[PDB]
């Protein structure tokens, strides 16, 4: 299922709270890391040039940007800021086809209490899982548990430093890495439902910022 990427604009418009927490995460700042003389000591350890400008290097940008190599995604040729850094769609999926339902359903639910099955969103490409997406970026190195690893490889792996051992079940649970979770009224329900969804929502900060 391949809908085109559009970038963070509308997601952040309707989901300000999340986009507000997100803009502080490392993912949000991903392209910064590629600039010269930035994150120099970690670059040297991975044998990368701390003074080189990697921001247009095709062996790097694919993982610090939204949907590189995909319909509607980031291109080096013509950078689009709404698609730079790993944004909403890098985890939630290209949303050209599913945000449409986020609007309609929101209104249906507000007007008459109606709810929509996640199945419709998953059919239109929304991601409720999200491990394969993270893996393409984090476990793209020979010897990792992810099949289909091919150059360009993630230069930061356990061999460089143990902090880089990626464990989805632990890492999806770090709001400083993903983003803070806020309370849903539950306009969407049912399968495919994320395995930690009820847990995240059980402890979410109260909603805020309109709809």
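Residue numbers count along the first chain shown, from 1.
* Which has the higher mean CA temperature factor in the PDB entry, 82-90 or 111-119? -> So the stretch with the higher mean C-alpha B-factor is 111-119.
* Asked: Comparing 31-39 with 57-65, which stretch shows the greater average C-alpha B-factor in the deposited entry?
  -> Per the deposited B-factors, the answer is 31-39.
* Asked: Between 150, 45, 52, 167, which carries the biggest CA temperature factor in the record?
  -> That would be 150, according to the entry.
* Place residue 75 in the lowest, middle or highest third of its chain's C-alpha B-factors, as listed in the PDB entry. => It falls in the middle third of the chain.
* Should residue 172 be placed in the lowest, middle or highest third of its chain by the C-alpha B factor in the entry? -> Lowest third.
* Asked: So where's residue 101 on the chain's Cα temperature factor ranking, which third?
  -> Its C-alpha B-factor belongs to the highest third of this chain's values.
* Asked: Would the CA B-factor of residue 25 place it in the lowest, middle or highest third of its chain?
  -> Ranked within chain, residue 25 CA B lands in the lowest tercile.
* In terms of the CA temperature factor given in the entry, to which third of its chain does residue 155 belong: lowest, middle or highest? -> For residue 155, whose C-alpha B-factor we compare with every modelled residue in the chain, the answer is the lowest third.
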